[PDB]
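Below is one structure, written out as structure tokens, with a few remarks after it.
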Amino acid sequence: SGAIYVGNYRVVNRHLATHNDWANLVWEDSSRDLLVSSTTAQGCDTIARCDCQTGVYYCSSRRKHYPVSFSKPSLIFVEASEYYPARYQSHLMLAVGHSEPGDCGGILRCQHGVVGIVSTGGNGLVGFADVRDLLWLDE
Ligand SMILES: N#Cc1cccc(CC(=O)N2CCC[C@H](C(N)=O)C2)n1
Ligand SMILES: [Zn+2]
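In the authors' numbering, the protein residues as written are 7 to 145.
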């Protein structure tokens, strides 16, 4: 679990969005596993606007942060799950690092701010949904 809180927006994994997220929907994209909802309170986070390919992510299944080198956002095949049919997930970045079911929502940050959130993983990989191209989150 986990979310990004920036301005009057809450960014979550689309497959973990709550009834309240859907009732306050701003934007969602199944191909990216992202959903953004509106908030009444001002958020605590700021978004990176950069091309960093290294950073640190929070891994809830270890209660620890780990450093990672990750690939540039791209279209990657993701096997079927209870949440989605087998499909290509766009704007996804992969890295070697521990993740297991439950780690989705953990934040990836570089020196510039929030880069994205955990969205996939397994077998010593961890995949992050990029948010750096969503410029409207800043206004
Ligand atoms: N974190 C993590 C992790 C590690 C091992 C396994 C998993 C589960 C996983 O990959 N998916 C299930 C939920 C929806 C996902 C998607 N974006 O399509 C795919 N996550
Ligand atoms: Zn950066």
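Where is the CB? At the ideal position from N, CA and C, for every residue including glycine.
| Query | Result |
| --- | --- |
| Thinking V12 and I53 are a contact (beta carbons under 8 angstroms), I'd like their distance in whole angstroms, please. | 6 angstroms |
| Could you check whether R55 and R138 sit closer than 9 angstroms to each other, using their CB atoms as the reference points? | yes |
| If you compare alpha carbons, which of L22, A9, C110, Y89 is closest to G133? | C110 |
| Please report the straight-line C-alpha distance between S67 and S7, rounded to a whole angstrom. | 10 angstroms |
| On the three-state DSSP scale, how would you describe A92? | coil |
| Can you find a heavy atom of ligand 1 that lies under 8 angstroms from the Cβ of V132? | yes |
| Relative to ligand 1, is the shortest distance from any of its heavy atoms to the C-beta of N19 smaller than 8 angstroms? | yes |
| Going by DSSP in three states, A101 sits in which element: helix, strand or coil? | strand |
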